[PDB]
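Step one of this worksheet: look at the structure below.
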Amino acid sequence: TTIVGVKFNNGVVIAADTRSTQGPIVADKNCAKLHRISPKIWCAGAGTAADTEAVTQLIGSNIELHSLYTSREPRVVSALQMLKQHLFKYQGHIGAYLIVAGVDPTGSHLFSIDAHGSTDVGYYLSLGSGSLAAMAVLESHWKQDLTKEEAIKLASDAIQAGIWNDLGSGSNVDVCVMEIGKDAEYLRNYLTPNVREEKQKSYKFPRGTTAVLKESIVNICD
Amino acid sequence: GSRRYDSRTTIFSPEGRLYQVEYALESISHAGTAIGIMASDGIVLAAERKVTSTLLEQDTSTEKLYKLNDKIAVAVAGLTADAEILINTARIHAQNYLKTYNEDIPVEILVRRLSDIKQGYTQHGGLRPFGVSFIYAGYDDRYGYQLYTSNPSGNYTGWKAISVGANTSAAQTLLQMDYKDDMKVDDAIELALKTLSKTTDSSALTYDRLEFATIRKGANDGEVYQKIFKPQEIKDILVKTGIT
Amino acid sequence: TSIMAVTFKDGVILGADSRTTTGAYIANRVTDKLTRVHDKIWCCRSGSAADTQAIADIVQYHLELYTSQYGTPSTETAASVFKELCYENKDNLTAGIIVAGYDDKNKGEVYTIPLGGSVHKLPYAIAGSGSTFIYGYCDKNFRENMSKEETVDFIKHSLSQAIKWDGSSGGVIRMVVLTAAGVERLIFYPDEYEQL
Amino acid sequence: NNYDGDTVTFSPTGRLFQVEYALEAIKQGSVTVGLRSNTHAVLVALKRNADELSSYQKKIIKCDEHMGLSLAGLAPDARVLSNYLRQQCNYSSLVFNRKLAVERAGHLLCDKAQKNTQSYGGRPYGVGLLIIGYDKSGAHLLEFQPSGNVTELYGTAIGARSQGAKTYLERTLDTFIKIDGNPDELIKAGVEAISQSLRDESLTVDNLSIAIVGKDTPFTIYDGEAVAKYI
Amino acid sequence: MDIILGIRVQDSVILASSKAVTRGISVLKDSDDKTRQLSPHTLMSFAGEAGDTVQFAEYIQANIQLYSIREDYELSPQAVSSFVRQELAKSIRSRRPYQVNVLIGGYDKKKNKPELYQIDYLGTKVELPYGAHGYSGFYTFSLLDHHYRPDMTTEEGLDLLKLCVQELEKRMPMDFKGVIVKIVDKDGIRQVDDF
Amino acid sequence: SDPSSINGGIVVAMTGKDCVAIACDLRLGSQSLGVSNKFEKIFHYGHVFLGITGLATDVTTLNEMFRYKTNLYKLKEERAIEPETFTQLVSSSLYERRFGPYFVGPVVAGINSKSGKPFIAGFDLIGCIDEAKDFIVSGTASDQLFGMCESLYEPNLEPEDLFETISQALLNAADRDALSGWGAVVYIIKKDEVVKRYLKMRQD
Amino acid sequence: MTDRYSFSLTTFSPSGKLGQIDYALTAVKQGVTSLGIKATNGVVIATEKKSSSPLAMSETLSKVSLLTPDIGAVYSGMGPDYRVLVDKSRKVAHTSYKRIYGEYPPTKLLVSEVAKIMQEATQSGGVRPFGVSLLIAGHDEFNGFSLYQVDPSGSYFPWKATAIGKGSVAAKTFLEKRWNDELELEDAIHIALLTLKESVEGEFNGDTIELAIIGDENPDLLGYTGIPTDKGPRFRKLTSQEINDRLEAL
Amino acid sequence: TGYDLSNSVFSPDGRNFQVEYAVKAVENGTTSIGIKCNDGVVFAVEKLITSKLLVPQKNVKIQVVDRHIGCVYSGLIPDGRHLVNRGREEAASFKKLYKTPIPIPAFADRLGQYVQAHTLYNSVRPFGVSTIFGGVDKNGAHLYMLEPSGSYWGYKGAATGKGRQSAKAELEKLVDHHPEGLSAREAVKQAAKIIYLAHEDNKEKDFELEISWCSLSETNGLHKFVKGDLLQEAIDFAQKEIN
Amino acid sequence: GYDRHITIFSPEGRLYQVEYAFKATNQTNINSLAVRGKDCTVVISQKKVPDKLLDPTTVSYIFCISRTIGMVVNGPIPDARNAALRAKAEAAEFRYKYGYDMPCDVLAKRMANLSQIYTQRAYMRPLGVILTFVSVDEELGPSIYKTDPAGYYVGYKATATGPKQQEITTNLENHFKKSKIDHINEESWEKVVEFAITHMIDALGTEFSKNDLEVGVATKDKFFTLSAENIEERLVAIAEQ
Ligand SMILES: [Cl-]
Ligand SMILES: [Mg+2]
Ligand SMILES: [Mg+2]
Ligand SMILES: [Mg+2]
Ligand SMILES: [Mg+2]
Ligand SMILES: [Mg+2]
């Protein structure tokens, strides 16, 4: 994974690549690393895949119940506090490395969380194996007072750095824009710069190529 | 302390009866009648819904007849909420057996365990018993078709034909009169409906005040099918036997 | 990390660099290691980021509940709560914390709590990996009852040297001034402090 | 009446009837006397039998080398409380290498009895105790009541007709308090004290029980032919 | 422990189990019966860790016998094998797992068929025409792959089994002191005394 | 003593035009020793098919567990579980054993009976859902299956063509793995008919 | 100390009645009227907002509550009991369903869980039954729209239309005359407002009436875009203004 | 009725009769007082000499909590000891976590919450004591009186027991005659006088006087018992005033 | 009739223990009042110190729950302090768990839920108290939320509690009928305090010295109580108009 978060004028934008690996093997070429905690709070996750998904769902579930209990829109700091305390409790064994962002009645926010439970604050952040490629771009092109379209460009450029330069990252760029006063817009496969070229040959076999010993109808009805 | 307010639900009367069990049975005697009849080629379950309102949704409704697994069903008489607690336990128990032995649970084993749970609430814990009597209808490859009943005491018995709830005394006399051993399912369907029709506290027996189910081997070859009757199917079977 | 807290005439000032690392990679170059556990009781954090954050959060909770019942806690009390957490969980913690606060009765006070969870009340305290390089300098230059401007310069020059030699330290020099007047945040950038 | 079902209920005048009924069990118990000088402390107890074929219920129990008590009322409750004292004395020795002060022994019994008078399900202890001991502040005598009330005294008595001995000791106060360095005389005073509580029966050899602790005397009990000296 | 074999033929299941109990450099016994009758038509052989083997076997035996008395009925070989598998599958994630490998030979009276189940200590169950646990399989499986036919008689199965024991007695490093052979069929369980 | 490669085995699933295919080998071994050539790794609960590779005891246990859970689902819901819902149930169940996991590589395959959409999914031993348009692979020859599928596969194959592609994917992958093979089964699944075919393959 | 009440407080009387359940239903009878009507393309649930004081802000007290995005609840009886039941109902929809299947429970099953909670207050040690009847309206893909009543006993029944509380007897009779199986959602809202006016005495406007629907998905109420399969909550609370608009064409 | 048979039950008035019954047990007890002074507090109590056989000075009733707080009570003596034992546990845990010795208001609420908890359930009995207590902390002197209900307030002077009304009247005169403040040594003398004056309501048995005090100047902020010369001086002052 | 001793239903569906806990509320014979300004929320309560031996500074029924939340109680002080300690603990835990200050209405709901439990669970009695929570919430603004022994709670434009609550309530109702708004249209909290005391004087028909009253004021980011001299300053301002 490469994941980033970038603050702008009236909100925050996060982005991620879509590669999932098992050692040197690409397990999933188009996996979703952007997670919805609440409608306007979203999480980018690197690390152990099942962990980032599960911890994001649990806190998301509890955030929904909290929102219903308090008759209030959930705050990013609540998701941040709940995630960090859960991760700290498990002493790093839950390998979730998260960039938490969103808008709430208090304003727009951007945080990162380490698997051991420490948190950061910043205008631009990157996590994952491709974070050094991403951060190199962010440190080169970031400035104060970014517009929405500038921040999306910067964020996706930072993800691209990871896609091309980090073997842990690849395929596509997902983006989510959280602007104050508006609905969060999830941009699934915002960029797809890794489309497979046409194959040289069709490997469709002549029917009857495979030797068969038995046939039978399977009953799926009651 | 709190001793003052303890009803002592699990004690004997001077006559050696369990107060709470007796009073639970008294409660059940006001619940809608449910009848089970076991034929040689299947089982019938018939039950009367408790005084219906015209605005009640009849098709998406379940009050009397519940499915425990693919081979076993129950007819309920008493508090429905109490029955659902027990039904869920019974459903889980059936799956535990299937997971353990890779075979569907024999009917009696399921009936015994559910009856044992009821028994416990009469001997320890200081809680009120479940105000429920079940009619169990099911099939297994050991005894074939079986009818059982259990009541709040946790006592269970096997039957050829049986009723629970209201007017059991009159219902049993009628079943005892017209039942014979070589009976078929379709005959049993008729007997069940005829008995309810005569014992009912309502003016006339209609489709909207009934739940009906059969357990036949009337699938295709050596296997058992559970049929929980739809409203229209009860309307038809009520016409077919000339009750309406 | 390089962190320190220094008492002076009008109260106490806390100081810290802004570098967080994992090996030789700087995970955060603008970290805030100066943390509020109460209005005028703050701490400098060193060691594990996760541990020191978790501790500071618990302490802030304890002092908030203390204040609700018994009013403003003493700086000593805040240090005791830090100690209790650090001492009883010494096997599972990597936290070197300096506690600093301002009373009106007691004025400025500094307590340092090393790895084991012992407490040490001092006129000034230095801690973190970068502190090693300024023991000589700080001992030679510290005076009691310094002015605000003198104490700012002492911390600035000290952390400048700690940053210069310690690879784990760097970024900006943050400072928090605790006096009767209130709470003041100061920041000093590389272009100023590097050429001192 | 309506307020005596359990210990957790106060009566309208602020009484605890279960505690008072426990106090009543002590009054039915056989008389036992306690008295001390500045050097020694002495227990004297009248033992009770079921009939002429039975043994005489032992009234005196040793708690440590320097402490012990006598009982009146429910004997099993005295066994529970004496066992607790044995442990508390023992804890003090093992942990602090310190002989338990007779005063602390009293405070510990008070607090153990009290907890049984404020909670549901429990009952008060149905026994009264006279604790004697010699510690770092000299000789001591305590009176334990199962209400929780513990009282330090020069002398006292509990049980049936204890008022006779208690009056006697109140008269004899100035005499027996100065019986220093003389065990046999302090016992004689206690044996004369308990004699003021006798009716139709007199002190025999398998009837009388005496205990003594002091400056150069470990807590020791005398029964049988060893008390014949004092009749 | 060590050698346990099983062969399912037309009408019966035959179990052969080594007689040796060796500890260190001493053969402590040469007549050990590594089997328990779970029900009239179900037999279980076992091999593995010392102590664990018999403790597990007798524990299973007690449970099946309890079931038999409760229901006045004999569980099918399939049902028993599933119960045994689950007990081992529980065991493998316990604080101290049972290190016991079993073969279950039974005659299903409802189906009128012999059945042989191989279950290892992990709870890995398979139904087989012939089975073995431990190093025995490394010789017997290939031998049985060649000589076994599904329609063999009990006598043919015994001769096929003799061929296995002979091979093991020729190529195995350890002296396992022969085997006790038992047959499970429609009439129950009986022991061959002259093998 | 690597739990996922003691017994051996593979499973592969593919999508076609209004159909899905799921296939598995038949081997169960103990390291080098082949023990059973009848050990099927594909199960079904209603119309939802589940294939499981890895440690065989966990394969059996999880089948029994999901039969248990889908039976109770059907009794309470009064309908068969759909592939999307079942996929979530598998994920929840596996993550429940996060720090003491079942050593398995499950694969869900089936057609949603309401929408008619073909659905396949894969999981790691601890519940991470891996959804795919094209194919899912699992087992000790997963590298080989990845290579076979990635080259042989094309979208929108007809059921009879999809059978040839998935079979050739499995067979040639299995033959490059010592622990996979010893027979094979392929399931071709259409909206309301399922055909099961046993493949002839080399037995070494 | 500790809860010494480990015994049932609801027990069978000689006549067979469960006293505390009967008395709980009596509390429901005293409660303000609430009703539910099921249309072909939606469900409406409504109730009167009985204000305790004119200084009280009745907007801060919600009698109609969202349980899931597609399920809503209203009650008659004791407000506090209802409030904690909503808290528990919202949580159980997550713990016993969403955290397992990754989707919200169908109406009948959430109702079943709430009924269980209420049944346990009828049998467990040292508790009284809940003094409320619930009306739960909801939608799910495979069952469509549905409306359920949950009583203090834990019993639940599916309804085409019904009322509970103060003037339930008259309101049910009113609904029987007006309900048919072809009612459109707007027709059901109209009948709901008519039925409620009979039981309401004082002011009858959008500030004294609380009304919510289960209807079409509301993408504008979702709070985000980008996932085609997520289309928004079917539960919607009608505003004070939206009620008054319909009270003119009454 | 029957509302008075079980603790924690509200009567139709809104009263807990069992607590009111515990108050009757307190009214039956001996007199105890507390006087707040310039830089501290003074506690005194009446010890009825039931018999000649009671060892003088050796049945101590005033109790210390921590090193800076004194407690005295009237009613069921064992109940009072239970409350002090809890008070000592509360004070120890406060000092453990927060380092500083427990402030008096903080300590007052600890006892208050604990006593109030014994009015919440029918499985416990209310405390049969009113407790007068206090000491010196960082904010000066504090005197408190705590009742069976859990109710407590700060006091200039406090009294409870059989002679509470007599003692209260005498306390009110001191408050009126000394608006600027009473000194510690003066308050000790006054405490003796008031106990002797309050003894008129319990005059069958004669009594033994027991006094303690905490003062910033006189005892250095620590709780100490008044003994020897200072006690006899206070006794004599009291003896002169009754005649 | 044991249905009147514990919290189970009577034949008419009532909970007498809850009803009797409501009567315990007036046992102190103290009246409280709360109003909202533009920027603030003012709560005032009577202060009756009958005993001359009491330290008047320690007699209080207003509590600082958190930096932002204040709470006045109507009912006996032991139950009042029980509620206060729990409220403080709950508000502290909320901040630790969820990273932001507990809103006044959320704390009210939580305390109301706890109270509801005592009406359903037999071993726990209701607290004989009515709790009025006040703040200037960062989202909702000036807020008054009130809890009772039934577990009921609701937000208020303004409110009153005590024996003579009805007189104060109607007095406030009549003012808001006249003003046509939800609050006191005033800039400074000082004059909102003055309004509160003025309308309490009119409704109760009594005059107050500086020691007959108790005042809590909630502004943005802090709730505080007034000293006797702060109230005296406020009493002088009312008198000179
Ligand atoms: Cl809550
Ligand atoms: Mg750690
Ligand atoms: Mg550096
Ligand atoms: Mg191969
Ligand atoms: Mg090979
Ligand atoms: Mg209660």
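Chain labels A, B, ... are given in the sequence in which chains occur in the structure tokens; within each chain residues are numbered consecutively from 1, and ligands are likewise numbered from 1 in the order shown.
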
### Contacts of stretch 39-56 of chain I at 6 Å (only C-alpha atoms; same-chain gap of 3+ positions) as a PyMOL selection string
(chain H and resi 154-157) or (chain I and resi 30-36+59+142+212-219)

Please produce a file of the residues just selected, as a PDB file, in the first residue's frame, where the atoms kept are N, CA and C atoms.
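What follows is the written file out.pdb:
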ATOM      1  N   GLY H 154     -20.921  21.794  56.272  1.00  0.00           N
ATOM      2  CA  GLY H 154     -19.858  22.440  57.035  1.00  0.00           C
ATOM      3  C   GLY H 154     -20.472  23.157  58.223  1.00  0.00           C
ATOM      4  N   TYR H 155     -19.756  23.189  59.344  1.00  0.00           N
ATOM      5  CA  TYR H 155     -20.279  23.793  60.570  1.00  0.00           C
ATOM      6  C   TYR H 155     -19.280  24.737  61.236  1.00  0.00           C
ATOM      7  N   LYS H 156     -19.806  25.790  61.856  1.00  0.00           N
ATOM      8  CA  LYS H 156     -19.037  26.616  62.787  1.00  0.00           C
ATOM      9  C   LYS H 156     -18.897  25.847  64.096  1.00  0.00           C
ATOM     10  N   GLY H 157     -20.000  25.232  64.511  1.00  0.00           N
ATOM     11  CA  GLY H 157     -20.025  24.331  65.656  1.00  0.00           C
ATOM     12  C   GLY H 157     -21.045  23.236  65.418  1.00  0.00           C
TER      13      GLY H 157
ATOM     14  N   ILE I  30     -37.200  24.209  48.544  1.00  0.00           N
ATOM     15  CA  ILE I  30     -36.394  25.154  47.771  1.00  0.00           C
ATOM     16  C   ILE I  30     -36.907  25.200  46.337  1.00  0.00           C
ATOM     17  N   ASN I  31     -36.991  26.407  45.776  1.00  0.00           N
ATOM     18  CA  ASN I  31     -37.403  26.590  44.384  1.00  0.00           C
ATOM     19  C   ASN I  31     -36.234  27.011  43.504  1.00  0.00           C
ATOM     20  N   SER I  32     -36.144  26.405  42.322  1.00  0.00           N
ATOM     21  CA  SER I  32     -35.099  26.723  41.352  1.00  0.00           C
ATOM     22  C   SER I  32     -35.718  27.174  40.033  1.00  0.00           C
ATOM     23  N   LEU I  33     -34.925  27.889  39.242  1.00  0.00           N
ATOM     24  CA  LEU I  33     -35.396  28.502  38.004  1.00  0.00           C
ATOM     25  C   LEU I  33     -34.244  28.578  37.017  1.00  0.00           C
ATOM     26  N   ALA I  34     -34.524  28.301  35.746  1.00  0.00           N
ATOM     27  CA  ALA I  34     -33.513  28.404  34.694  1.00  0.00           C
ATOM     28  C   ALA I  34     -34.047  29.142  33.467  1.00  0.00           C
ATOM     29  N   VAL I  35     -33.232  30.052  32.937  1.00  0.00           N
ATOM     30  CA  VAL I  35     -33.552  30.793  31.718  1.00  0.00           C
ATOM     31  C   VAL I  35     -32.341  30.860  30.797  1.00  0.00           C
ATOM     32  N   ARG I  36     -32.598  31.181  29.534  1.00  0.00           N
ATOM     33  CA  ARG I  36     -31.553  31.284  28.523  1.00  0.00           C
ATOM     34  C   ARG I  36     -31.464  32.699  27.976  1.00  0.00           C
ATOM     35  N   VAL I  59     -23.251  25.149  52.010  1.00  0.00           N
ATOM     36  CA  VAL I  59     -24.641  24.814  51.689  1.00  0.00           C
ATOM     37  C   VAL I  59     -24.937  25.203  50.245  1.00  0.00           C
ATOM     38  N   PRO I 142     -27.249  27.913  24.029  1.00  0.00           N
ATOM     39  CA  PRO I 142     -27.787  27.879  25.393  1.00  0.00           C
ATOM     40  C   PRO I 142     -28.809  26.757  25.577  1.00  0.00           C
ATOM     41  N   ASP I 212     -29.929  34.794  50.409  1.00  0.00           N
ATOM     42  CA  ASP I 212     -31.157  34.038  50.157  1.00  0.00           C
ATOM     43  C   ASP I 212     -31.157  33.400  48.774  1.00  0.00           C
ATOM     44  N   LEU I 213     -30.120  33.675  47.982  1.00  0.00           N
ATOM     45  CA  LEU I 213     -30.044  33.180  46.611  1.00  0.00           C
ATOM     46  C   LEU I 213     -28.747  32.453  46.297  1.00  0.00           C
ATOM     47  N   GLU I 214     -28.794  31.731  45.184  1.00  0.00           N
ATOM     48  CA  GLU I 214     -27.680  30.960  44.673  1.00  0.00           C
ATOM     49  C   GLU I 214     -27.782  31.039  43.159  1.00  0.00           C
ATOM     50  N   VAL I 215     -26.696  31.420  42.492  1.00  0.00           N
ATOM     51  CA  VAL I 215     -26.733  31.656  41.046  1.00  0.00           C
ATOM     52  C   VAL I 215     -25.623  30.907  40.323  1.00  0.00           C
ATOM     53  N   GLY I 216     -26.007  30.176  39.279  1.00  0.00           N
ATOM     54  CA  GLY I 216     -25.060  29.542  38.368  1.00  0.00           C
ATOM     55  C   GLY I 216     -25.220  30.148  36.989  1.00  0.00           C
ATOM     56  N   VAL I 217     -24.100  30.385  36.311  1.00  0.00           N
ATOM     57  CA  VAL I 217     -24.112  30.966  34.969  1.00  0.00           C
ATOM     58  C   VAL I 217     -23.258  30.117  34.034  1.00  0.00           C
ATOM     59  N   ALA I 218     -23.832  29.745  32.892  1.00  0.00           N
ATOM     60  CA  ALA I 218     -23.105  29.033  31.848  1.00  0.00           C
ATOM     61  C   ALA I 218     -22.862  29.961  30.662  1.00  0.00           C
ATOM     62  N   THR I 219     -21.597  30.115  30.280  1.00  0.00           N
ATOM     63  CA  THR I 219     -21.221  30.827  29.058  1.00  0.00           C
ATOM     64  C   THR I 219     -20.441  29.871  28.164  1.00  0.00           C
TER      65      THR I 219
END

### Task
Quick one: everything within 6 Å of residue D:43, counting only C-alpha atoms, minus sequence neighbours fewer than 5 positions away in the same chain. Send it as a ChimeraX atom specification.
/D:33-34,210-211

Export of the given selection (C-alpha atoms) as a PDB file, in the first residue's frame:
ATOM      1  CA  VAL D  33     -15.375 -13.882  85.538  1.00  0.00           C
ATOM      2  CA  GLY D  34     -12.391 -11.757  84.506  1.00  0.00           C
ATOM      3  CA  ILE D 210      -9.157 -21.004  85.739  1.00  0.00           C
ATOM      4  CA  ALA D 211      -6.788 -19.259  83.318  1.00  0.00           C
TER       5      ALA D 211
END

### Query
Can you tell me which residues sit at most 8 Å away from ligand 5, counting only C-alpha atoms and all ligand atoms, written as number ranges by chain?
F: 178, 203-204

Serialized selection, N, CA, C and O atoms, as a compact mmCIF listing (two decimals), in the first residue's frame:
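Writing the result to out_17.txt gives the following:
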# COMPACT_ATOMS: atom_id res chain seq x y z
N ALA F 178 3.26 -30.81 -6.25
CA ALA F 178 3.39 -32.15 -5.69
C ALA F 178 2.20 -32.52 -4.80
O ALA F 178 1.79 -33.68 -4.76
N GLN F 203 -2.37 -39.44 -12.32
CA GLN F 203 -2.52 -39.86 -10.93
C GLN F 203 -1.18 -40.04 -10.21
O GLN F 203 -0.99 -41.00 -9.47
N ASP F 204 -0.26 -39.10 -10.43
CA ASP F 204 1.04 -39.12 -9.75
C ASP F 204 1.30 -37.79 -9.03
O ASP F 204 2.42 -37.49 -8.63

#### Entry: Cut-off 7 Å, only C-alpha atoms and all ligand atoms, neighbours of ligand 4 as a VMD selection string
chain F and resid 174 to 182 204

Selected residues, N, CA and C atoms, written as a PDB file, in the first residue's frame, please.
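Below you can see result.pdb, which holds the result:
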ATOM      1  N   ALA F 174      -2.301 -28.081 -11.178  1.00  0.00           N
ATOM      2  CA  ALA F 174      -2.156 -29.222 -10.271  1.00  0.00           C
ATOM      3  C   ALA F 174      -0.935 -30.082 -10.598  1.00  0.00           C
ATOM      4  N   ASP F 175      -0.630 -30.220 -11.885  1.00  0.00           N
ATOM      5  CA  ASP F 175       0.474 -31.073 -12.327  1.00  0.00           C
ATOM      6  C   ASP F 175       1.854 -30.463 -12.069  1.00  0.00           C
ATOM      7  N   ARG F 176       1.894 -29.174 -11.740  1.00  0.00           N
ATOM      8  CA  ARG F 176       3.135 -28.523 -11.324  1.00  0.00           C
ATOM      9  C   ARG F 176       3.241 -28.407  -9.798  1.00  0.00           C
ATOM     10  N   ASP F 177       2.311 -29.044  -9.086  1.00  0.00           N
ATOM     11  CA  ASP F 177       2.312 -29.056  -7.627  1.00  0.00           C
ATOM     12  C   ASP F 177       2.303 -30.492  -7.110  1.00  0.00           C
ATOM     13  N   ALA F 178       3.264 -30.808  -6.249  1.00  0.00           N
ATOM     14  CA  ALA F 178       3.388 -32.151  -5.688  1.00  0.00           C
ATOM     15  C   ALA F 178       2.197 -32.518  -4.803  1.00  0.00           C
ATOM     16  N   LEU F 179       1.635 -31.522  -4.119  1.00  0.00           N
ATOM     17  CA  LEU F 179       0.580 -31.753  -3.131  1.00  0.00           C
ATOM     18  C   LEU F 179      -0.847 -31.629  -3.675  1.00  0.00           C
ATOM     19  N   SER F 180      -0.997 -31.241  -4.939  1.00  0.00           N
ATOM     20  CA  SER F 180      -2.321 -31.119  -5.552  1.00  0.00           C
ATOM     21  C   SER F 180      -2.517 -32.144  -6.660  1.00  0.00           C
ATOM     22  N   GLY F 181      -3.778 -32.494  -6.910  1.00  0.00           N
ATOM     23  CA  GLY F 181      -4.142 -33.403  -7.998  1.00  0.00           C
ATOM     24  C   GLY F 181      -4.932 -34.614  -7.532  1.00  0.00           C
ATOM     25  N   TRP F 182      -4.527 -35.793  -8.006  1.00  0.00           N
ATOM     26  CA  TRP F 182      -5.170 -37.065  -7.648  1.00  0.00           C
ATOM     27  C   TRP F 182      -6.668 -37.108  -7.963  1.00  0.00           C
ATOM     28  N   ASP F 204      -0.260 -39.105 -10.428  1.00  0.00           N
ATOM     29  CA  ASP F 204       1.037 -39.115  -9.750  1.00  0.00           C
ATOM     30  C   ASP F 204       1.298 -37.787  -9.033  1.00  0.00           C
TER      31      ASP F 204
END

### Message
Give me, as a list in words, all polymer residues having an atom no more than 12 Å from residue E:187, counting only C-alpha atoms and skipping those fewer than 2 positions away in the same chain.
### Response
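Contacts, in chain order: residues 11, 12, 13, 40, 41, 42, 106, 107, 108, 109, 112, 114, 183, 184, 185, 189 and 190 of chain E.
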